[PDB]
Amino acid sequence: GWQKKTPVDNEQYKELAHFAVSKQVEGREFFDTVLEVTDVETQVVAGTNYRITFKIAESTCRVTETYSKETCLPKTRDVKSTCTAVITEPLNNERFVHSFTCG
């Protein structure tokens, strides 16, 4: 099943959280961005799957721009919500977001 990973400050998990949030546009005029990764689990099945819990804030980038870590900066340090995404990285196909939910 899902195995807990620590420490959670690994740059890899940051990048995966940025990837997830880069595709989350429902009902938004601006992308959200990642403030902090709080929890990470992984599971190997049809590739590597990562379940990453993280805090988000509204970003400076409109959803009609390309999302980037360098350009989509938090408008404030206020936590908008805490979200959990699952990212699937197939062995030899394109990665994708399996699921995304927020409190």
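Computed from the coordinates by the stated procedures, all read-outs in this text should not be read as laboratory data. A quick note on method: Cβ atoms are made from the backbone with ideal geometry, for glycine too, and the neighbour counts reach across all protein chains shown.
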Could you put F54, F30 in order, starting from the residue whose Cβ has the fewest other Cβ atoms within 10 Å?
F30, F54
What value, in deg cm²/dmol to 500, does the helix sum -39500 (n - 2.57) over DSSP H runs of n ≥ 4 give at 222 nm once divided by the residues of the chain?
-3500 deg cm²/dmol
What is the packing order of peptides 20-26, 8-14, taking the mean over residues of other C-beta atoms within 10 Å and listing the highest first?
20-26, 8-14
Which is farthest toward the positive dipole end of the chain among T76, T33, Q3, measuring Cα position about the Cα centre, with Cβ charges +1 (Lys, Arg) and -1 (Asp, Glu)?
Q3
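For Cα pairs less than 8 Å apart in space and 6+ apart in sequence, what is the mean separation divided by the residue count of the chain, i.e. the relative contact order in percent?
Details: 224 pairs, mean separation 26.1, N = 103.
Relative contact order comes out at 25 percent.
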Please go through segment 44-103 and write out the GluC sites (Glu not before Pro) that DSSP classes as loop and that have at most 16 other C-beta atoms within 10 Å.
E65, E70, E94
Using the Cα gyration tensor of segment 41-103, with a ≥ b ≥ c the square roots of its eigenvalues, what is the shape: rounded (a/c below 1.5), prolate (a/b larger than b/c) or oblate (neither)?
oblate
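Of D32, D39, how do they rank once you tally other Cβ atoms within 10 Å and put the fewest first?
Numbers: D32 26, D39 15.
In increasing order of surrounding Cβ atoms, one gets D39, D32.
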For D32, which sequence-distant residues (separation of 5 or more, or a different chain) have an amide H within less than 5 Å of its own amide H, given hydrogens modelled in the peptide plane?
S59
Dipole size in debye (nearest 20) for segment 3-102 around its Cα centre, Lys and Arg Cβ +1, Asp and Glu Cβ -1?
120 debye
Relative to the longest principal Cα axis of the chain, at what angle does helix 11-22 sit, 0 to 90 degrees, rounded to 10?
60 degrees
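For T101 and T82 in the same chain, what is the full-extension length gain: residue separation times 0.36 nm, less their Cα-Cα distance, in nm?
Values: separation 19, 0.36 × 19 = 6.84 nm, distance 0.87 nm.
Working it through step by step, the gained length comes to 6.0 nm.
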Put a dot 7 Å past each Cα toward the Cβ at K75 and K23; how far apart are the dots in nm?
2.5 nm
